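Below: work.cif (mmCIF, C-alpha atoms)
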data_query
#
loop_
_atom_site.label_atom_id
_atom_site.label_comp_id
_atom_site.auth_asym_id
_atom_site.auth_seq_id
_atom_site.Cartn_x
_atom_site.Cartn_y
_atom_site.Cartn_z
CA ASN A 1 125.92 75.22 102.68
CA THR A 2 123.72 73.12 100.25
CA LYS A 3 120.83 74.89 101.98
CA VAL A 4 118.65 77.13 99.85
CA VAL A 5 116.27 79.97 100.37
CA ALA A 6 113.63 80.66 97.71
CA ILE A 7 112.40 84.24 98.11
CA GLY A 8 109.64 85.43 95.85
CA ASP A 9 106.04 86.28 95.18
CA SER A 10 102.91 84.27 94.50
CA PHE A 11 104.85 82.09 92.10
CA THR A 12 107.12 81.01 94.93
CA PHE A 13 104.42 80.67 97.56
CA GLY A 14 102.73 78.26 95.05
CA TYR A 15 99.52 80.05 94.39
CA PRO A 16 96.77 78.95 93.97
CA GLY A 17 97.86 75.69 95.54
CA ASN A 18 99.42 75.56 98.92
CA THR A 19 102.96 76.38 99.55
CA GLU A 20 103.67 72.67 100.39
CA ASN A 21 103.25 71.72 96.72
CA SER A 22 105.16 74.74 95.45
CA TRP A 23 108.35 74.42 93.46
CA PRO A 24 110.72 75.05 96.32
CA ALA A 25 109.41 72.04 98.19
CA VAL A 26 109.85 69.89 95.11
CA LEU A 27 113.31 71.30 94.57
CA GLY A 28 114.22 70.08 98.04
CA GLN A 29 112.60 66.72 97.77
CA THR A 30 114.33 66.10 94.46
CA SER A 31 117.78 67.37 95.36
CA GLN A 32 117.50 65.91 98.84
CA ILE A 33 118.59 69.27 100.35
CA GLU A 34 117.00 71.81 102.62
CA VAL A 35 114.99 74.47 100.79
CA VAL A 36 113.15 77.21 102.75
CA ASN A 37 110.12 78.82 101.10
CA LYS A 38 109.94 82.52 101.73
CA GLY A 39 107.52 83.31 98.93
CA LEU A 40 104.59 85.57 99.81
CA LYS A 41 101.65 86.38 97.65
CA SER A 42 101.72 89.36 95.33
CA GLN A 43 104.97 90.84 96.57
CA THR A 44 107.16 93.30 94.76
CA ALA A 45 110.97 93.29 94.84
CA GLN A 46 110.84 96.17 97.30
CA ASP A 47 108.69 94.01 99.61
CA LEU A 48 111.19 91.20 99.44
CA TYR A 49 114.18 93.44 99.88
CA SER A 50 112.75 94.71 103.14
CA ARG A 51 112.58 91.25 104.80
CA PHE A 52 115.76 90.07 103.22
CA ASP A 53 117.77 89.90 106.53
CA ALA A 54 115.49 87.61 108.54
CA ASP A 55 114.20 85.68 105.56
CA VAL A 56 117.57 85.01 103.92
CA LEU A 57 120.55 86.21 105.84
CA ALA A 58 119.47 84.69 109.13
CA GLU A 59 118.84 81.30 107.46
CA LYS A 60 122.54 81.04 106.57
CA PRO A 61 121.89 79.35 103.25
CA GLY A 62 124.67 78.88 100.76
CA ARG A 63 122.34 79.86 97.89
CA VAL A 64 119.39 82.17 97.44
CA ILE A 65 116.89 82.00 94.51
CA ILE A 66 115.32 85.39 93.87
CA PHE A 67 112.15 84.95 91.82
CA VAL A 68 110.33 88.24 91.51
CA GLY A 69 108.85 90.69 88.98
CA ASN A 70 105.39 89.20 88.42
CA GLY A 71 104.01 91.17 91.35
CA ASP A 72 105.87 94.23 90.20
CA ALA A 73 104.20 94.13 86.78
CA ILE A 74 100.75 93.65 88.36
CA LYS A 75 101.40 96.75 90.54
CA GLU A 76 102.91 98.93 87.83
CA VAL A 77 106.28 99.30 89.67
CA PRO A 78 108.47 100.92 86.93
CA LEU A 79 111.54 99.27 85.39
CA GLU A 80 113.91 101.61 87.25
CA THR A 81 112.52 100.56 90.66
CA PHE A 82 112.59 96.78 89.92
CA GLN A 83 116.18 97.01 88.69
CA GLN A 84 117.42 98.80 91.77
CA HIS A 85 115.82 96.27 94.02
CA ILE A 86 117.08 93.16 92.17
CA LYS A 87 120.56 94.63 92.33
CA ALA A 88 120.32 95.28 96.09
CA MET A 89 119.35 91.67 96.90
CA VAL A 90 122.18 90.37 94.77
CA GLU A 91 124.69 92.71 96.41
CA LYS A 92 123.68 91.85 99.96
CA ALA A 93 123.68 88.14 99.21
CA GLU A 94 127.21 88.43 97.75
CA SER A 95 128.38 90.61 100.71
CA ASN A 96 127.21 87.75 102.94
CA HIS A 97 128.91 85.05 100.89
CA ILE A 98 125.63 83.63 99.64
CA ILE A 99 125.38 82.61 96.01
CA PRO A 100 122.51 84.39 94.34
CA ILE A 101 120.40 82.85 91.53
CA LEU A 102 117.88 84.85 89.57
CA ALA A 103 114.58 83.51 88.42
CA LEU A 104 113.06 85.47 85.57
CA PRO A 105 109.56 86.65 86.01
CA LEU A 106 107.01 84.68 83.95
CA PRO A 107 104.94 85.73 80.94
CA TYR A 108 101.60 86.84 82.41
CA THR A 109 98.57 87.82 80.29
CA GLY A 110 97.84 91.17 81.84
CA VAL A 111 101.29 92.64 81.31
CA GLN A 112 103.28 90.90 78.60
CA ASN A 113 105.16 94.02 77.38
CA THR A 114 106.25 94.96 80.93
CA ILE A 115 107.28 91.35 81.69
CA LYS A 116 109.23 91.07 78.48
CA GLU A 117 111.09 94.18 79.52
CA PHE A 118 111.85 92.97 83.04
CA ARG A 119 112.97 89.53 81.83
CA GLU A 120 115.20 90.87 79.07
CA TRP A 121 116.99 93.28 81.39
CA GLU A 122 117.30 90.69 84.17
CA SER A 123 118.84 88.20 81.74
CA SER A 124 121.49 90.67 80.61
CA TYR A 125 122.23 91.84 84.10
CA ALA A 126 122.66 88.17 85.13
CA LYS A 127 124.83 87.55 82.15
CA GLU A 128 127.25 90.42 82.86
CA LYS A 129 127.70 89.32 86.40
CA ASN A 130 127.91 85.51 85.88
CA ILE A 131 124.84 84.82 87.98
CA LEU A 132 122.89 81.62 87.45
CA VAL A 133 119.38 82.12 85.93
CA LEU A 134 116.26 80.11 86.26
CA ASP A 135 113.85 80.30 83.38
CA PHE A 136 110.76 78.46 84.57
CA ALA A 137 108.99 79.23 81.29
CA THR A 138 111.10 76.58 79.46
CA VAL A 139 109.22 73.81 81.30
CA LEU A 140 105.87 75.52 81.82
CA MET A 141 104.93 76.83 78.36
CA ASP A 142 105.06 76.70 74.59
CA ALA A 143 106.46 79.24 72.10
CA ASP A 144 103.28 81.30 72.68
CA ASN A 145 103.65 81.58 76.43
CA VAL A 146 100.78 79.22 76.98
CA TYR A 147 100.87 76.52 79.67
CA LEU A 148 101.51 72.97 78.49
CA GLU A 149 99.02 70.15 78.98
CA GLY A 150 97.98 69.68 82.68
CA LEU A 151 100.24 72.51 83.88
CA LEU A 152 97.76 75.32 84.11
CA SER A 153 95.94 75.61 87.51
CA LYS A 154 92.23 76.45 87.82
CA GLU A 155 93.10 80.10 87.61
CA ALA A 156 94.57 81.67 84.53
CA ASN A 157 98.22 82.68 84.69
CA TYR A 158 99.12 80.29 87.54
CA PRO A 159 100.58 76.78 87.54
CA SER A 160 98.91 73.58 88.64
CA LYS A 161 100.53 71.24 91.17
CA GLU A 162 102.09 69.38 88.20
CA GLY A 163 103.29 72.67 86.74
CA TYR A 164 104.94 73.41 90.05
CA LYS A 165 106.38 69.91 90.11
CA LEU A 166 108.11 70.32 86.83
CA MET A 167 109.35 73.76 87.96
CA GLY A 168 110.88 72.16 91.00
CA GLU A 169 112.35 69.39 88.91
CA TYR A 170 113.85 71.79 86.40
CA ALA A 171 115.46 73.77 89.30
CA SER A 172 116.94 70.61 90.73
CA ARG A 173 118.57 69.78 87.38
CA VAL A 174 119.85 73.34 86.88
CA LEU A 175 121.24 73.67 90.42
#

For this file, write the structure as structure tokens.
Amino acid sequence: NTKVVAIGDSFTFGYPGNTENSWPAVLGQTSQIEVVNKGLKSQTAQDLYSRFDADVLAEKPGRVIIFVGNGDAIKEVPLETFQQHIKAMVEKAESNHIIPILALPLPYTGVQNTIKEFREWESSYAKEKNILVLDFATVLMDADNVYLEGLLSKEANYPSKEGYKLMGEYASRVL
């Protein structure tokens, strides 16, 4: 019902922090709802699709946030494969009467061109289908795709606990 499942990659697990400080936990604390974190490190959309039934369907949430693509770019999964898999998760969610919400993958220094491509396509696919989109970049970074003050973790490309806090706070306002 107001229950949510966040399925994603390292950026949903909350790397490099622990999953307990990740954005889905904050989402839940802020919106005073139940959010289940099904983010696993470095996963591709195909990886998520495969565990979609037990990780999402079986939870009987009313909403599912699908935040993926970073892992796909790291592992050179082509645009055609990423598309097909985003589509499949949306379709199964909808077949199950679960409202899907897409989270764009984030700018990431190793693969900016590939990420720009994934994000751009994902935005237009979400727009033609009236699916709600989460753009975590709007609270994490500046016009140059660089993390704002105190938001970058000790590893490049990944958010600090505060970064994850603002991501969770942004999602609570959007949802």

I need the residue set behind the PyMOL selection byres ((chain A and resi 133-137) around 6) for this file; please write it as number ranges by chain.
A: 101-104, 132, 138-141, 167

For a test of reading the model, state the distance in Å between atom CA of residue A:2 and atom CA of residue A:63, rounded to one decimal.
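Taking atom CA of residue A:2 and atom CA of residue A:63, their separation equals 7.3 Å.
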
Could you name the residues that touch residue A:175 at 9 Å or less, counting all atoms listed in the file, but leaving out those on the same chain fewer than 3 positions away, as a PyMOL selection string?
chain A and resi 31+132+170-172

Separation of atom CA of residue A:90 from atom CA of residue A:17, in Å and rounded to one decimal
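Atom-to-atom, atom CA of residue A:90 to atom CA of residue A:17, that is 28.4 Å.
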
Any idea what's packed within 7 Å of residue A:163, counting all atoms listed in the file, ignoring anything in its chain fewer than 3 positions away? Could you give it as a PyMOL selection string?
chain A and resi 140+151-152+159-160+166-167

Would you mind exporting C-alpha atoms of the selected residues as a JSON list (two decimals), keeping the file's coordinate frame?
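Okay, part-v4.json is ready:
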[["chain", "number", "residue", "atom", "x", "y", "z"],
["A", 140, "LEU", "CA", 105.87, 75.52, 81.82],
["A", 151, "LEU", "CA", 100.24, 72.51, 83.88],
["A", 152, "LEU", "CA", 97.76, 75.32, 84.11],
["A", 159, "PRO", "CA", 100.58, 76.78, 87.54],
["A", 160, "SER", "CA", 98.91, 73.58, 88.64],
["A", 166, "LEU", "CA", 108.11, 70.32, 86.83],
["A", 167, "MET", "CA", 109.35, 73.76, 87.96]]

For this structure, which residues satisfy the selection - the PyMOL selection byres ((chain A and resi 115) around 10) - when it is evaluated on the file as given? I want them as a VMD selection string.
chain A and resid 69 to 70 72 to 74 79 104 to 114 116 to 121

Export of prior selection with C-alpha atoms as a PDB file, in the coordinates of the input:
ATOM      1  CA  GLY A  69     108.850  90.690  88.980  1.00  0.00           C
ATOM      2  CA  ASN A  70     105.390  89.200  88.420  1.00  0.00           C
ATOM      3  CA  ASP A  72     105.870  94.230  90.200  1.00  0.00           C
ATOM      4  CA  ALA A  73     104.200  94.130  86.780  1.00  0.00           C
ATOM      5  CA  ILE A  74     100.750  93.650  88.360  1.00  0.00           C
ATOM      6  CA  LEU A  79     111.540  99.270  85.390  1.00  0.00           C
ATOM      7  CA  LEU A 104     113.060  85.470  85.570  1.00  0.00           C
ATOM      8  CA  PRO A 105     109.560  86.650  86.010  1.00  0.00           C
ATOM      9  CA  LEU A 106     107.010  84.680  83.950  1.00  0.00           C
ATOM     10  CA  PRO A 107     104.940  85.730  80.940  1.00  0.00           C
ATOM     11  CA  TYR A 108     101.600  86.840  82.410  1.00  0.00           C
ATOM     12  CA  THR A 109      98.570  87.820  80.290  1.00  0.00           C
ATOM     13  CA  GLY A 110      97.840  91.170  81.840  1.00  0.00           C
ATOM     14  CA  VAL A 111     101.290  92.640  81.310  1.00  0.00           C
ATOM     15  CA  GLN A 112     103.280  90.900  78.600  1.00  0.00           C
ATOM     16  CA  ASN A 113     105.160  94.020  77.380  1.00  0.00           C
ATOM     17  CA  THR A 114     106.250  94.960  80.930  1.00  0.00           C
ATOM     18  CA  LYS A 116     109.230  91.070  78.480  1.00  0.00           C
ATOM     19  CA  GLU A 117     111.090  94.180  79.520  1.00  0.00           C
ATOM     20  CA  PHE A 118     111.850  92.970  83.040  1.00  0.00           C
ATOM     21  CA  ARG A 119     112.970  89.530  81.830  1.00  0.00           C
ATOM     22  CA  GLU A 120     115.200  90.870  79.070  1.00  0.00           C
ATOM     23  CA  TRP A 121     116.990  93.280  81.390  1.00  0.00           C
TER      24      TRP A 121
END

Long-range neighbours of residue A:87 as a PyMOL selection string, 12 Å cut-off, all atoms listed in the file, 2 positions minimum in chain:
chain A and resi 45-46+49+66+80-85+89-94+100-102+121-122+125-126+129+131

Take atom CA of residue A:98 and atom CA of residue A:7 and report the distance between them in Å, one decimal.
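If I compute the distance from atom CA of residue A:98 to atom CA of residue A:7, I get 13.3 Å.
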
Best match for closeness to residue A:34 among A:1, A:153, A:130, A:123, counting only C-alpha atoms:
A:1

Determine the residue set returned by the PyMOL selection byres ((chain A and resi 20) around 12) for the present structure, and present it as a list in words.
residues 12, 13, 14, 15, 16, 17, 18, 19, 21, 22, 23, 24, 25, 26, 27, 28, 29, 35, 36, 37, 38, 39, 161, 164, 165 and 168 of chain A

Using the file's own x, y and z axes, so that the box edges lie along x, y and z, what centre and edge lengths in Å (one decimal) does a box around every listed atom of stretch 76-94 of chain A get when 3 Å is added on each side? Give it as JSON.
{"center_x": 115.1, "center_y": 94.9, "center_z": 92.7, "size_x": 30.3, "size_y": 19.5, "size_z": 20.6}
